[PDB]
Every structure is written in structure tokens, then in C-alpha cells.
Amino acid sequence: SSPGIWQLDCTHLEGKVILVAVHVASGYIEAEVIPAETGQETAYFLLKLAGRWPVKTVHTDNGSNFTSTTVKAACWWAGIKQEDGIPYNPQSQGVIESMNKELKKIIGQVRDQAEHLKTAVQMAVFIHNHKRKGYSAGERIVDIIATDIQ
């Protein structure tokens, strides 16, 4: 069920890890910088995400988080069906790779306005979610979920 499906994506920059959740139907994202991708960090990130949007399904980004006791506990807590993230559809991989490159591009564009990477990454989530493509991802996610409520 499309309005509730999200994909986790973990990318690296400046020796740090950027954890992203993409709402697959809209391209809307939330993202955080963490020191490393552990079960505990992923779990807490999912808890935050599910408190903010109606997360029904998550495609986890790798098998360590799919396996992780802590990730499973957060998904049980927040009512999330944890799935694998295998691109049975191959164009999925490319879409995510392209967002990572686009996100890193926006990060380079603001990187000097931000003393800390975390700032630059939240600036990048803002520019990504507001970019008009004519609707933005922030507009599409709202539209998709509102249609689903009604």
C-alpha cells in the first residue's frame, strides 16, 4: 500500500554516514548524519520517522539492519512492517544512486554556509523537498497521504 512505503538509504561523505528515508511514491526524504550505521541509530531514526508520517512499510537498506534485533524492536514498536530492500525492480537502485549524488551535490553547494555537516544535510533535505519538478516532493507526499485518508 503505496502511501505508507519508505526506503532506507545510507550514504557516506566526509568520513560520516548520512541515513536517509525516502518516501518512495513522492521522493520526499528525511535524513540525519550519524557517526556510523548501527542497529541502535537506525532504530531510533525509524522511531522518529514513524512518529512524523504514517510509515507502514520500510525497505531496509542492507541485511545487517534487516537482521538487527534493535531495528526489529523499533519496527514492532512503531507498527512498521520491516521488508528487505532488494530491487526486484532494477531501476530502483539507479533512482537511489541518483538521489545520493543529487543530495551530495546540494551539500557541496551549501557546504560553506554550514559549519557542521549536519546543518548542510538538513539544508539539502529542505532544498530537495521543496524543489519543484509542477509539484514538489513535500507537496506530493501530503497529496498522496491526504488522498489515502479520504
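Start at 1 with the first residue shown and count on from there.
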Inset, instruction - Classify the number of deposited-sequence residues missing from the model between residue 133 and residue 134: none, 1 to 3, 4 to 9, or 10 or more. - result: 4 to 9
Legend entry - Stretch with the higher entry mean CA B-factor, where the candidates are 59-67 and 82-90: 82-90
Inset, instruction - Tell me which of 122-130 and 137-145 has the higher mean C-alpha B-factor in the deposited entry. - result: 137-145
Legend entry - C-alpha B-factor winner, where the candidates are 34, 47, 96, 117: 96
Legend entry - Chain thirds of CA B-factor: placement of residue 13: highest
Legend entry - Lowest, middle or highest third - CA B-factor, residue 42: lowest
